[PDB]
Amino acid sequence: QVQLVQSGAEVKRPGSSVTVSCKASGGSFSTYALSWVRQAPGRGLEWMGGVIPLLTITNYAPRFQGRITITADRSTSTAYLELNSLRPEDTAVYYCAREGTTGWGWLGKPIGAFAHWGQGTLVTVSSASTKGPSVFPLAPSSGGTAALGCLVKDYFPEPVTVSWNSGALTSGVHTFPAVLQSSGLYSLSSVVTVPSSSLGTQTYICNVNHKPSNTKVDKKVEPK
Amino acid sequence: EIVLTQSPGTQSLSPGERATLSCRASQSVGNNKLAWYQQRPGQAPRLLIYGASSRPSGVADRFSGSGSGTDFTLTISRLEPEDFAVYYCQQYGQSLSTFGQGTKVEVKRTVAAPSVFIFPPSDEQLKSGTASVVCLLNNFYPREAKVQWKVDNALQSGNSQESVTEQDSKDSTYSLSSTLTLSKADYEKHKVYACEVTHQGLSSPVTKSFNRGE
């Protein structure tokens, strides 16, 4: 089969230019159209453009036509996406896709639709620097079902991983998706519902890890 | 530009049921070049249907494409546990390719009222100058719920941000977390901090509240 391997994720400051690569391995690289499809967090898919390497026929979407540049390197079977004048609203996952073939090889006409996708490339456009999170305790109230947790506030960039009691606590745990605060820093919450009777006997510590800033916080949560 | 409008936005069905999803084009799609994709969280889209009706090798026969012109339809004969995801429709009849906004297919279950909790800002965070009050809506269905912040019984609007977890693989419910963020100064100007939640499974709006320092 064919597979597309994209470059790693990167963070770019607003106004700069980013270049995403996409290496293809399998069928003919020259006669099948290579496209780029981005997707903002939580939002839908958006077609950006495509290129047919054999005749170098590119086709851009009018929304990006002017700062986008898609080329195809037939020497290394690698397509390149260059996005200029970056702005925070371009923060998305960039996918490289290639049109499918009719079944298999040699006698295989192109079908147009995207049958082969890359693993994706995360591009975060922000004017923020790497910052470790502050972990504050969401203490349970003074039946039946009591809630506690830890607030993971003001960090950059994604992601942050949270476990409970070194992983020994999983049942009833909810780690919500992070939100982008106006400060340009992320903030998530990790809660857990437990029996009220266990509040005064069971120790609840949350393990918060933030790889980019190399931060590891074990915050203990107890009733006020 | 061709505009694709998918319907409905969300699809509440149960495993074993038939699912039909609609895709309406603004203008006629040339040569019926309409495709259907499936996407799960943290994963690239997967080609289900192309050419409005053809199905690539490796796709279950419960997926069938139909329709022509401006009206297209994806049909799942019998829903399977892993078929609950997001489904996008794409036209490529014109050179300029466009997508729909997508249709989420969720598991439908009995309406469940959320268990509401409220969390005052920690003494630790108050030393930094900021105050974050966290309202938690635990295990509810459907996803449609409203959270309104009230400080000294006054509708707060523009200082809160909420996020929702994906539908649980066990009880098929959702959980919402809304965080109200004030400065320490503004926080100490008031007393009663309350979060009001309105949901289908609740006859009357439920309000959870605390008094600052009490």
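**Re the overall build of chain B**
- Summing up its helical and strand segments, chain B has 2 helices and 18 strands in all.
- Expected size for 214 residues packed as a compact globule is a radius of gyration near 17 Å; at 23 Å, chain B overshoots this value by more than 25%.
- Summarising its shape, the C-alpha atoms of chain B cover approximately 70 × 35 × 30 Å along the three principal directions.
- Sequence separation of at least 24 residues holds for 58% of the intrachain contacts in chain B that already meet a minimum separation of 6.

**What about the packing of aromatic side chains?**
- Counted under the stated rule, the structure contains 10 aromatic pairs over all chains.
- With centroids separated by 6.1 Å and ring planes inclined at 55°, the aromatic side chains of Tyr37(B) and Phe99(B) adopt a geometry described as tilted. Note that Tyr37(B) is positioned in strand β4 (residues 34–39) and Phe99(B) in strand β9 (residues 98–99), a separation of 62 residues in sequence. By the burial criterion, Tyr37(B) is buried, and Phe99(B) matches it.
- Ring pairs connect the aromatic residues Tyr95(A), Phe114(A), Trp117(A), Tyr37(B) and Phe99(B), which therefore count as one cluster.
- When the ring centre of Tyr32(A) is taken as origin, the NZ or CZ atom of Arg98(A), which lies over that ring, is 4.2 Å away.

**Regarding the domain arrangement of chain A**
Residues and elements named next belong to chain A.
- Partitioning chain A into domains gives domain 1 (1–123) and domain 2 (124–224).
- The straight-line distance from the C-alpha centre of domain 1 to that of domain 2 is 36 Å.
- At the interface, 11 residues of domain 1 touch 7 residues of domain 2.
- Taken together, the two surfaces of domain 1 and domain 2 that pack against each other cover about 750 Å², and 60% of this comes from carbon and sulfur.
- It is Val 11, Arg 13 and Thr 91 in domain 1 that bury the most area against domain 2; as a group they hold 53% of the surface buried on that side.
- Viewed at the interface, domain 2 and domain 1 are joined by 0 salt bridges.
- Linking domain 1 with domain 2 are 4 residue pairs in polar contact.
- When residues of the side of domain 1 that touches domain 2 are traced back to their parent elements, those giving at least two are β2 (10–12) and β11 (121–125).
- Per-element tally for the side of domain 1 that touches domain 2: the top contributor is β2, with 3 residues.
- Of the residues belonging to the side of domain 1 that touches domain 2, the class tally is 6 nonpolar, 1 polar and 4 charged.

**Some details on the sheet that holds strand β8 (residues 78–83) of chain A**
Residues and elements named next belong to chain A.
- Here we have 4 strands laid out as an open sheet, ordered β1-β3-β8-β7, and antiparallel in their pairing. A strand with exactly one partner marks an edge of an open sheet, and here the two such strands are β1 (3–6) and β7 (68–73). Ignoring which end each strand starts from, the neighbouring axes of this sheet average 20° apart.

Thresholds applied
- Residues numbered from 1 in each chain as written, not as in the entry; some residues may be left out.
- Chains lettered and ligands numbered in written order.
- Heavy atoms only, no water.
- Residues with missing side-chain atoms left out of burial classes, pairs and counts.
- Helix = DSSP H or I, 4+ residues; strand = E, 2+ residues; numbered from the N terminus.
- Rg over C-alpha atoms; globule rule 2.2 N^0.38 Å.
- Contact = heavy atoms within 4.5 Å.
- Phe/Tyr/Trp six-rings, centres within 6.5 Å; stacked < 30°, edge-to-face > 60°.
- Buried < 20%, exposed > 50% of the residue type's maximum accessible area, 1.4 Å probe, protein only.
- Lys NZ or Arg CZ within 6 Å of the ring centre and 35° of its normal.
- Domains from an automatic or database assignment.
- Buried area = accessible area lost by both parts, 1.4 Å probe.
- Salt bridge = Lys/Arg side-chain N within 4 Å of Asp/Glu carboxyl O.
- Polar contact = N/O pair within 3.5 Å; in protein donor to acceptor, adjacent residues only side chain to side chain.
- Nonpolar A, V, L, I, M, F, W, Y, C, P; charged D, E, K, R; others polar.
- Pairing = 2+ DSSP bridges.
- Axes fitted to C-alpha atoms, helices over the stretch in contact; angles between N-to-C directions.

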